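Below are the chains, spelled out letter by letter.
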2 protein chains.
Amino acid sequence: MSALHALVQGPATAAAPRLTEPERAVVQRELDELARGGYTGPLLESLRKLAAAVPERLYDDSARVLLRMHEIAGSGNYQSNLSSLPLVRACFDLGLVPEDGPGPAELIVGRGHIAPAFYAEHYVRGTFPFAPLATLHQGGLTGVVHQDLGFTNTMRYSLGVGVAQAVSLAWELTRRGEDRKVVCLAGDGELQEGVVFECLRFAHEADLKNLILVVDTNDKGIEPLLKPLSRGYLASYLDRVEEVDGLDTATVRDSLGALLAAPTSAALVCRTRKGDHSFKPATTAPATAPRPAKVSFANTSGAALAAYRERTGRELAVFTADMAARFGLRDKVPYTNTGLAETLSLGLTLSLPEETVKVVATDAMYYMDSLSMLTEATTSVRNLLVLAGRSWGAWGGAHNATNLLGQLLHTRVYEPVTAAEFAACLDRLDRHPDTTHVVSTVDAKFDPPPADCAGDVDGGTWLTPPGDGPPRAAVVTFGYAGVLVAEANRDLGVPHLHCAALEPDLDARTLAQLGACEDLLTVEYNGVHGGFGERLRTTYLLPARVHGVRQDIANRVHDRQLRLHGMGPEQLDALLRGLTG
Amino acid sequence: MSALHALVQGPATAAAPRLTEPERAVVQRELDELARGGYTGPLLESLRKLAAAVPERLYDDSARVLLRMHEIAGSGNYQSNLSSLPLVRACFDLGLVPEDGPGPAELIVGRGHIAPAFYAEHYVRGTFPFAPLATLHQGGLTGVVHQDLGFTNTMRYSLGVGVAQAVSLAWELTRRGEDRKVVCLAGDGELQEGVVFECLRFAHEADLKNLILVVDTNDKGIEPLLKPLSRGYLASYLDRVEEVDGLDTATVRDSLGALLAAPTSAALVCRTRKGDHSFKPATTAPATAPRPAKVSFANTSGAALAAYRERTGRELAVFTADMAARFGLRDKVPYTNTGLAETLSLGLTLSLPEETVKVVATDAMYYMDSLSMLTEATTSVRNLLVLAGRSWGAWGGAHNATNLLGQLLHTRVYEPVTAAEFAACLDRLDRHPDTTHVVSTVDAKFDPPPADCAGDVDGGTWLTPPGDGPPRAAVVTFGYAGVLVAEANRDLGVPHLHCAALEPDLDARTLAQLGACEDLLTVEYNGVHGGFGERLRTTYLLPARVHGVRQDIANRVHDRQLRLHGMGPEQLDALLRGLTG
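Residues numbered from 1 in each chain as written, not as in the entry; some residues may be left out. Chains lettered and ligands numbered in written order. Heavy atoms only, no water.

What the entry reports as its method is cryo-EM, with 3.84 Å given for the resolution.

Named according to the PDB entry, chain A is Putative transketolase originating from Streptomyces hygrospinosus. This entry's official PDB title is "CryoEM structure of the transketolase ANIP from Streptomyces hygrospinosus". Taken verbatim from the UniProt record of chain A, the Subunit (unreviewed entry) comment is "Homodimer." For the record of chain A, the UniProt heading Sequence similarities (unreviewed entry) holds the text "Belongs to the transketolase family." (UniProt positions renumbered as here; feature names shortened; annotations may be inferred.)

Participant: Looking at this structure, how should I read the overall build of chain A?
Facilitator: When helices and strands are counted, chain A shows 21 helices and 15 strands. Expressed along its principal axes, the backbone C-alpha trace of chain A runs to roughly 75 × 60 × 55 Å. Looking at chain A as a whole, 58% of its 581 residues are labelled buried. Partitioning the contacts of chain A with sequence separation of at least 6, the portion at a separation of at least 24 is 79%. (Helix = DSSP H or I, 4+ residues; strand = E, 2+ residues; numbered from the N terminus. Buried < 20%, exposed > 50% of the residue type's maximum accessible area, 1.4 Å probe, protein only. Contact = heavy atoms within 4.5 Å.)

Participant: Can you help me understand the sheet that holds strand β13 (residues 496-498) of chain B in this one?
Facilitator: Pairing between the strands of a sheet comes from backbone hydrogen bonds, and it takes one of two forms, parallel or antiparallel. Residue and element names in this part refer to chain B. Spatial ordering of the open sheet is given by β11-β13-β12-β14-β15, a layout of five strands whose pairing is mixed. Of all the strands in the sheet, just β11 (461-464) and β15 (544-546) have a single pairing partner and so form its edges. The average angle at which neighbouring strand axes cross in this sheet is 30 degrees, direction not considered. The sheet contact formed by strand β12 (residues 473-478) and β13 spans two bridges and is parallel. The partner of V476 across the bridge, within β13, is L497. (Pairing = 2+ DSSP bridges. Axes fitted to C-alpha atoms, helices over the stretch in contact; angles between N-to-C directions.)

Participant: I tried to follow the domain arrangement of chain A on my own but got confused; where do I start?
Facilitator: Quoted interface sizes are often the accessible area lost when the parts come together. All names here are of chain A. On domain assignment, one finds that chain A holds domain 1 (3-271), domain 2 (297-439) and domain 3 (461-580). Using only C-alpha atoms to locate each centre, domain 1 and domain 3 end up separated by 41 Å. At the junction of the two partners, domain 1 supplies six residues and domain 3 supplies five residues. Summed over both partners, the interface of domain 1 with domain 3 buries about 560 Å², with 43% contributed by carbon and sulfur atoms. Sorting the residues of domain 1 by area buried against domain 3 places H137, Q138 and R156 first, and these three jointly supply 55% of that buried surface. Between the two partners, domain 1 and domain 3, sit one salt bridge. (Domains from an automatic or database assignment. Buried area = accessible area lost by both parts, 1.4 Å probe. Salt bridge = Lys/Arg side-chain N within 4 Å of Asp/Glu carboxyl O.)

Participant: Teacher, can you tell me more about the relation of the copies chain B and chain A here?
Facilitator: Here the second copy of the chain follows from the first by a rotation about an axis and a shift along it. Taken as rigid bodies, chain B and chain A are interconverted by a rotation of 180 degrees and an axial shift of 0.0 Å, the fit giving an RMSD of 0.0 Å. Within this description, the copies of the chain are treated as partners about a two-fold rotation axis. Most of the interface of chain B is mirrored in chain A, where 100% of its interface residues are also at the interface. (Least-squares fit on C-alpha atoms.)

Participant: Honestly, the interface of chain B and chain A in this entry has me stumped. Any pointers?
Facilitator: The interface is formed by 70 residues belonging to chain B together with 70 residues belonging to chain A. Summing both partners gives a buried area of about 6100 Å² for chain B against chain A, and 58% of it is carried by carbon and sulfur. Its largest share of buried area at the contact with chain A, chain B owes to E198, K227 and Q407 of chain B, together 10% of the area lost on that side. The partner of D207 of chain A in a salt bridge is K227 of chain B, and the shortest N-O contact between them spans 3.7 Å. Remark: the boundary between chain B and chain A carries 20 residue pairs in polar contact. Ranked by the residues each element gives to the side of chain B that touches chain A, the list is headed by helix α7 (residues 161-176) of chain B, at nine residues. Tallied by class, residues from the side of chain B that touches chain A come to 28 nonpolar, 26 polar and 16 charged. (Polar contact = N/O pair within 3.5 Å; in protein donor to acceptor, adjacent residues only side chain to side chain. Nonpolar A, V, L, I, M, F, W, Y, C, P; charged D, E, K, R; others polar.)

Participant: So what exactly am I meant to see when it comes to the side chain of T338 of chain A here?
Facilitator: Among the secondary structure elements, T338 of chain A is positioned in the loop between α12 (324-327) and α13 (342-347). Judged by relative accessible area, which is 6%, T338 of chain A ranks as buried. What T338 of chain A contacts, discounting residues up to four positions off in sequence, is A321, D322, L344 and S345 of chain A together with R201 of chain B.

Participant: Please clarify how the pairing of β12 of chain B should be interpreted in this entry.
Facilitator: Sheet faces and side chains relate simply in a regular strand, where the side chains alternate between the two faces. All names here are of chain B. Within β12, six of the six residues are buried, leaving the element largely enclosed by the surrounding structure. Side chains of β12 alternate between two faces, with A473, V475 and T477 and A474, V476 and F478 buried alike. Of the strand pairs in this sheet, β12 and strand β14 (residues 519-524) are connected by six bridges, and their pairing is parallel. Directly across from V475, in β14, lies its bridge partner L521. For the handedness criterion, the β-α-β arrangement of β12, helix α17 (residues 480-487) and β13 is classed as right-handed. (Right-handed = clockwise from strand over helix to strand, strands pointing away.)

This is how it looks when you write it as structure tokens:
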């Protein structure tokens, strides 16, 4: 059976109960012709022909169907696509999107959260069906651009790569020499990085002429920007710059049509506006007794840091790579925001006094771009704390960030899963004033586990102590998985050991009673390469199986993703019975 | 005994035979008062008092003594310091270098190859002796700035960190609020990076006022720059910019004295000139039968790539992060230079056709700054070759670059040590058109080993086949060490196994005959963390000792550095006898 069938069948029929009768009938019909057979091979054209089979068109407008997608999925960046819809409309009007074959110009969509807008305008043209649309951020479709959906790009977790791809293609076109225009889409806060500066600089040195930029400046990134985008910086490194509104499709279409004629490199500043970044659905539950927002560990950091500062009396300098509204640091401790500059967040903390404790925090998968700077700080600064969050949500993930952070010089890595473990990790910065500490805080929504590593963080804490006699089997876990396995072990009670340290210092009794077991398993929710299981294998010579994040991180919501990696409660329980076998 | 004694005793008396009689007498006298005792504790003030003990001054000029240092050491960047001497002279004239206590302004030396110039001007003041000066790039003194020699900085292998440190200190000074000027020294090609852009951008957003830049633009980096430094880029992000000559000390001193008064952030463009980057001593051997330059593997890459292109007929696109004159690629294959943009070198190779083989090459310790971009390419591009050179010379090294490169997604890493291994690795890019290949080419000067891994690179090749009977011991090596151990094994003939793959696929017979050995040793010339020895340990459960690069990379020439890590022929032979024990 072909890929698109398994791609679309699950989330569509799963969301079928929450659907309208015309849309329910349309989805049922699409499933009908899908079951008629003949849908195999490449994705995009198979979907296009599938839609061409059913000429039914629900709406004559795109905003409504995009809203339907977002509300059914209940996630994504709906406001950004509302903002950006005129741009995609104008691009489609010019024919920049070729229906069949190569168009009159190549195109490089650079922003990674304007993928659904393309699905939107595709529905009016009658080239995409409605069954996948109800599968947004659920495994069916993809919130980020990708090759096999009619684009010419590919996007990963990181940011800023769009301009790099466009400049690579432009340099190619200039090398062969076919004066063919490449138009690339750029974001507002994605120029705060440094990679785009390097790509623009190379474009200017080589006197490139076939590069066109359409950048949208809504004046607000994830947090309101300190100062608007540096227009002199754009002007210096490119021949021409212009700015128009992001609401009137006619102006954008006319501007790009005129600009596609002149064979000179230029950038277009599509001024736009937007509100809150993320999306909050209108809860089906009406106004009732107020719902207390359940707490993700990405929201207990601020409270613990404030508690530490009051408890000890030291001074905290806080830099968080412009994700304070994500770490809960707001309203708890003072902090200074730096914007989309991940290397800079680490760079600020070198000249600070040796007596001042400093914290740098962000999603771990950004540190990939600043390891060099990090491998200076861990040698020239003291009293440093690193917070590496994990959002393997709808967007994606580099499953190696923790493993690479834990292989630099004089660095320790921890994954606390309670409030006592976090407090002990905070306390650590007076016993090891030289070794830089890193904390990995999960995004999970879960009740606190009963017991933890209270004060001996670098040791092993039994969450289900092993029984007496010859130990036949045991399971060793790491951090969040320790919670996740715990809820699946309350029935079996398999001997379960937790360790809040990526490089634990297991002692003689623990290892001795662990080795007599005939089979050992590790359940780590981090990258297998350079990770807890094989670090145990290499340090202690443990014949232990490893089952962690094996392949790359897909783009699904957290529940379906837990299902994907073999980390769901059902599959974890099945693995636990496999241990009990 | 104190540190400075062992610091200075070795290289000084070692270079004593090649010295002048007055300088020989001066060095002998300095050794005399050093042996009188009382030289313990902190380095810089101990050296200053040691020099104050002997008021003798050889020269009244600095260029001559700096030349003496360079010629005795026979390495470094002599031309750059000749160029930069007026800057340091003017800085000393203003009192920016405080003799005792804090001066009227803080200072941040940013370039990493203007350390000897400070030693130079220190000799005229009679505050530094002459014994350490004959220990340049030999363990005595340091070619890069460091904390304990009268500076306020620290520098690592990477570039661009100087502006980061200066901006951190400036933000501190503004936070407390003491309107105190911080003056930082900047290089020409060290603004081609992106980190300095991020730091300057942050300085401008926060409306910083106490940051002063003195940047020297000799118009030539390691290779002549394509276009001069972007003056509009400097002007946009800073309040004031000025440019003067780098030859008249009076103009620079006057300009900085005037600028130290006005409390507004500004940058000074000290225009300068220089010739060849590195240094070549006048050979003591006169004009004889022409000496054929002995070949380092950093000079066989171009020939092998040209041989591959002619042999197969494909098309090569070559990007080398502006180090072509270092990889020998010159005059062998065409290439396009990108300058000091290490992320960009990888970024260019995404939109290239799937039928075109591409190569990206540089010193591995720069890839630390672009791993994220790399972990996109290895998933979206095919026919990619990575060349990771190793220069653990006088400057320093991040001993983890290979280990981190080999832990990304769909990547293989190799260390060929012949010409057949390199050819087979080139051939590999038609059997694995999906997995990105990485080649690690040493800088060593050595005769080719007798045998190698000719075609089965991912296997194990016996360089000294094990004898019959019960195998008591064996040694497993990796790449350059295989050569280095070989020259130390021709006498003992210890069973020695070479493997040109960081993740070798050892087969049943090899592992079976390896396991019966009572003791196993690994001799790897890469980083121990995440390296060949422990990768073997974790993959194959081998009770094997590891002896590789343990601590950080010091700043010495290659021979003394081989002595330092326990990798010298004498210590390696001692380890081999320890195996034979």
